[PDB]
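Below, each chain spelled out in residue letters.
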Amino acid sequence: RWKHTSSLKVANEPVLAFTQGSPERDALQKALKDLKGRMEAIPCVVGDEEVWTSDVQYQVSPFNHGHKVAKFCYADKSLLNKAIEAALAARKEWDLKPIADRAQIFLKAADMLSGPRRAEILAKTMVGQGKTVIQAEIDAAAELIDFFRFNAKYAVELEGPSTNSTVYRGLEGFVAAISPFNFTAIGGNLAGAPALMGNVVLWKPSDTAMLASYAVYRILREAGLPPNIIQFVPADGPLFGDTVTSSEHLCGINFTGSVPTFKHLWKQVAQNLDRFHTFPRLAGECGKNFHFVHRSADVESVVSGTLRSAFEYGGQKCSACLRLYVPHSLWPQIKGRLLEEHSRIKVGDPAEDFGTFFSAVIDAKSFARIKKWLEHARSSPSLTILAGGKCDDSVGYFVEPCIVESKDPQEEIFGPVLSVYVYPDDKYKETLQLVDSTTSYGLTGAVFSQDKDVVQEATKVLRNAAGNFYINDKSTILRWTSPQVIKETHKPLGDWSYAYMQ
Amino acid sequence: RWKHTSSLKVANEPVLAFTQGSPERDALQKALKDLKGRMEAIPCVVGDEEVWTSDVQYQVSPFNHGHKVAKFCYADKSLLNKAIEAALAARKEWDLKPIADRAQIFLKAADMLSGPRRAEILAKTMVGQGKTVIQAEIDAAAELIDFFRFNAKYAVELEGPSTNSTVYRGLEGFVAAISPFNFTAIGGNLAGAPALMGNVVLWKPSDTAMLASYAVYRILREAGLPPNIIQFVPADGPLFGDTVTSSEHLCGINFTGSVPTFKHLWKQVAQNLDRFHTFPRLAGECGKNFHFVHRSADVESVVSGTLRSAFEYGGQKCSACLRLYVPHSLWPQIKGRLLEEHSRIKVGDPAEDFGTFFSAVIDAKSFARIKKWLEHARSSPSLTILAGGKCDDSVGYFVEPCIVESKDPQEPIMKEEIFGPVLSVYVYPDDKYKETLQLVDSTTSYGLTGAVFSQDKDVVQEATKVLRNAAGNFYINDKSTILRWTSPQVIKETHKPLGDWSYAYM
């Protein structure tokens, strides 16, 4: 006849200022000192048991690679298998738990992050991942808190004669969540979202984000997350993927990272398709970005937007570099402003100097990669380094912000590189096509133009060149439920025959 | 600032009565006679070009397998590849077309089907697929019409400092739609839904549903669907799958059919993963049903529900036979009522006799399968045929509705695919019903539907928890019988100029 309901109003988390004299600035400073010198030991967590293995690993500070910030271990097949079994034992009760109940866990956690644990979380992202205040704040705080509150909201709204009804069921089995280095929030969401939906998760956090990943983990457990819903199981990547794609109980993989790696996981699952009790759901986020500038663009905006986009977090928010496309008529003006501003950019230790724009790159393997695209860069006939190009790793993995002009339109870094292509003004329409036919798995893109019709046009053309598309600014859960309709009849059935048959 | 959301209000299509004297009954009768004797030639359609190939095929009437209802051909790789390239050429314009525009096409089509073309469509499903009036009507009409209207509705209701906005883009490439035999509507939706979302489709319709599949196709084209948005390309299954999983331009497969076949398509795509410009989206619907009866159940309801569910469309709405679970205390009463009612069931030609409950099974390969299964069943020590078991294919692929009791909860044949009018019964001790519920849950691999019959409200709540993963559709005291096609682009446009690279804190 009539039902009660409850839904959920939520607001975006505020990005704090952190200005001199601010409560948040002092909180963070105290947070950072409480981390200086110290190093945390982080076990694998299966259920409520903290587990250590022979295979020990260290997370070091990127801008001070002599500082080991975390000691942790990799889980072995034995331990991963134990974690899987433990999770499955917990799954049916978890799934049956009303979503409001499960949402409340993620809401408490969001609130913990929002205030009391914000400094610790920001501090652990700065120190362990080399992020500046503003970068840690928009990721580990803002984004992550918002994921938690908004996911909770979508999940609760979802569950909001002859009587029909829908039931949103977790997937039957376990979800493997596999986090990337460059975001704290993404890791939290990779494990958090499937869990919210009544799933149990094996979470393999990124080795270069262990300290903060584990902070997020503990916060969720302190917020009420039962044991065995999310297993915290750092591990070797190949070992982990091999193990979980081999389990008959795999029902999903929630992945962020490279296209090759994903393809590989996909092929693994396909190879073992006959062993799974259910078809596994594979979610993978995998790339590129460009700034396309039209002759009408506002140069000041273009320059700051392009610098922020190219170099923030040392260009590690995107796999490749930022490709800049500048019309010839504006190039002289922009090249000057870029070079001027570039030399004003301060790269250093983000904990000590808040004036640091960006710090060191994430690790040694990463530093190596960047150096090779700097040696064998300063060679290529089509490339002239206009700025930067240096990099020293005696104290930390420090790379100078580098700017490069190319004369060749079609020439995976993860470093602070800005590539520039100067195009003739008359050939801008053909250059837009070049951007579209140049991007394989495009992440973001921006168009800069004061002409409204150039924008409308660029948007049509670049429709498949970026999943996030910005106009005059810098370019920077249903999968986990399975619906069951339940229809119910209240009157009896009558004859099996139909009228018309008589 | 203003916001303007457009909303589409739509109602469920009415299932017509078809009673003596009704306008719809006469319309259908005239429709059927206009089909008697005739046989339609159905080419492949790429763009607006009707194409024939050497490889010619015939669709026959199941209840009169001497009557060829349709002549059609299979597309070759050369034709499939031509269709693919043609579709891609049309895709960007189609995707850019406002969804309201694209929705209107599917709404006109729904309306065409709803009235003026309803009889033709019902008639071609009856005659080509062996469905009775009521079966054709709930499928080829009601459900297909509703897909069209409701999808249109959801698509339109989707597209409803700085300024944010979302854009729902079709997938970049072509979608392969692969239809099953047992539904006209499902075929329509497999091709129709991706299309609505700005996609171009290669549609491989089921060979045993060609006549009606093509009717639906032609209706859509008459409703305004541009050329090369959906290519009508009947083909050999292996050939088609091989060809489309080999295309760098594959962006999706929309499949309904068996788990093996799907797994196979999936493995094919995985194998060619490095060649695709985009990760293809694979949608597959793949199984089992059961009727679980509790001691409190209303026997009359159980009996008519179970008959309808077991035998309508000759059990072809479901790969596996219906498995009735009956408590010992009620079995005597239910066995009797089932046997009584069973013998009253008329199996025949659905076009001449509207008193036919169900007609012949879909085809010869299908008939064969059922003849073997029944033979495997019979012999077997744990199976007693209580009724039916006969089947004659001299005039059509006719199988008698068969009822079987098993003494083994885990009877193997019962796991094998039948697709025929078989009702398997398992009598369980009343005291052991909780354990029997567990048996149903631990017996279903890929469950399609399931029903619980019980007048006890707490047994129902309980059965619902336990059988939570045993059925995607679950019925209480009745018989147990698009987002994927869009990738969202977010578009932030900032109106104030930007400022310096530095930050406040810095």
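The residue numbering used throughout counts from 1 along each chain in the order its sequence is written. It may not match the entry numbering, and residues with no coordinates are not shown. As they are written, the chains are lettered A onward and the ligands numbered 1 onward, keeping that order. By convention in this description, side-chain values take in all heavy atoms of the structure and omit both hydrogens and water. Residues with missing side-chain atoms are left out of burial classes, side-chain pairs and their counts.

What the deposited record gives as its method is X-ray crystallography, and the resolution it gives is 2.850 Å.

1. Remarks on unusual backbone geometry
Backbone phi values are negative for most residues with the exception of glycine, while trans is the configuration of most peptide bonds. Even without being a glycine, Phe414 of chain A presents a positive backbone phi close to 70°. Labels follow the DSSP assignment, with helices taken as runs of H or I lasting at least four residues and strands as runs of E lasting at least two, numbered in each case from the N terminus. Inspection of the secondary structure puts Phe414 of chain A in the loop between β18 (402-406) and β19 (417-423). Not every positive phi belongs to a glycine, and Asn477 of chain B is a case in point at roughly 60°. The topology assignment puts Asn477 of chain B in the loop between β21 (473-476) and β22 (486-494).

2. As for the pairing of strand β19 (residues 422-428) of chain B
Bridging between strand β14 (residues 322-327) of chain B and β19 of chain B involves six bridges; their strand directions are parallel. Counterpart to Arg323 of chain B in the pairing with β19 of chain B is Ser424 of chain B. Think of it this way: DSSP has to see at least two bridges between two strands before they count as a pair.

3. Some words on the domain arrangement of chain B
Residues and elements named next belong to chain B. Under the domain assignment, chain B is made up of domain 1 (20-287 + 482-496) and domain 2 (288-481). Each of domain 1 and domain 2 has a C-alpha centre, and the two are 31 Å apart. With 24 residues of domain 1 at the contact, the number on the domain 2 side is 30 residues. Residue contributions to the side of domain 1 that touches domain 2 peak at four residues, all from helix α1 (residues 23-33). The split into domains, and so the bounds of each, comes from an automatic or database assignment of domains. Here a residue-residue contact requires only that any non-hydrogen atoms of the pair lie within 4.5 Å.

4. Considering the pattern of salt bridges
Between side chains of opposite charge, a pair can form when the charged atoms approach closely. Residue and element names in this part refer to chain B. Salt bridges are counted wherever a side-chain nitrogen of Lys or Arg sits within 4 Å of a carboxyl oxygen of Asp or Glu. For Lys124, the salt bridge goes to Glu120, with nearest N and O atoms at 3.2 Å. With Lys124 and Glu120 both in helix α4 (residues 118-129) and four residues apart, this pair spans about one turn of that helix. Residue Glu417 pairs with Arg369 through a salt bridge whose shortest N-O separation is 3.3 Å. One end of the pair, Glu417, is in the loop between β18 (402-406) and β19; the other, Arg369, is in helix α12 (residues 364-379), with 48 residues separating them in the sequence.

5. Quick word on the interface of chain B and chain A
In this assembly, 76 residues from chain B lie in contact with 78 residues from chain A. For the side of chain B that touches chain A, the secondary-structure elements that each account for two or more residues are α2 (77-96), α5 (133-156), β7 (166-170), α9 (259-271), α10 (299-311), β21 and β22 of chain B. Ranked by residue count, the leading element in the side of chain B that touches chain A is α9 of chain B, at eight residues. Amino acids are sorted into nonpolar (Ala, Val, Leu, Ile, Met, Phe, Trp, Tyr, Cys and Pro), charged (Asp, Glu, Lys and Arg) and polar (every other residue, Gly among them). Taken together, the residues of the side of chain B that touches chain A sort by class into 38 nonpolar, 20 polar and 18 charged. Strand direction decides the pairing type here: strand β21 (residues 468-471) of chain A and β22 of chain B, joined by four bridges, are parallel. Bridge pairing in β22 of chain B links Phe469 of chain A to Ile491 of chain B.

6. Points about the sheet that holds strand β1 (residues 40-42) of chain A
All names here are of chain A. If you trace the three strands from one edge of the open sheet to the other, you get β1-β5-β4, paired in mixed fashion. A strand with exactly one partner marks an edge of an open sheet, and here the two such strands are β1 and β4 (56-61). When the angles between neighbouring strand axes are averaged without regard to direction, this sheet yields 35°. In this structure, β1 lies alongside strand β5 (residues 64-73), joined through three bridges in parallel fashion. Note that in β5 the partner of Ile42 across the bridge is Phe72. Here, axes are lines fitted to C-alpha atoms. For helices the fit covers the stretch in contact, and angles between N-to-C directions go from 0 to 180 degrees. Packed on one face of the sheet, helix α7 (residues 210-223) meets β1, β4 and β5 and runs near 65° to β1.

7. Some points on the side chain of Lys317 of chain B
Residue and element names in this part refer to chain B. As for its position among the elements, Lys317 is in the loop between α10 and β14. A polar atom in the side chain of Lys317 sits 3.4 Å from the side chain of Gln135. Once residues within four sequence positions are removed from consideration, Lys317 is found in contact with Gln135, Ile138, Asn182, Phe183, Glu312 and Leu448. Polar contacts here mean pairs of N or O atoms no more than 3.5 Å apart (in protein, one a potential hydrogen donor and the other a potential acceptor; neighbouring residues in sequence count only if both atoms are side-chain atoms).

8. Section: the pairing of β18 of chain A
All names here are of chain A. Where strand β15 (residues 383-387) lies against β18, four bridges are found, and the strand directions are antiparallel. Note that in β18 the partner of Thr384 across the bridge is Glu405. In the sheet, β18 pairs with β19 via five bridges, with the strands oriented parallel. Within β19, the position partnered with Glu405 by the bridge is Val420.

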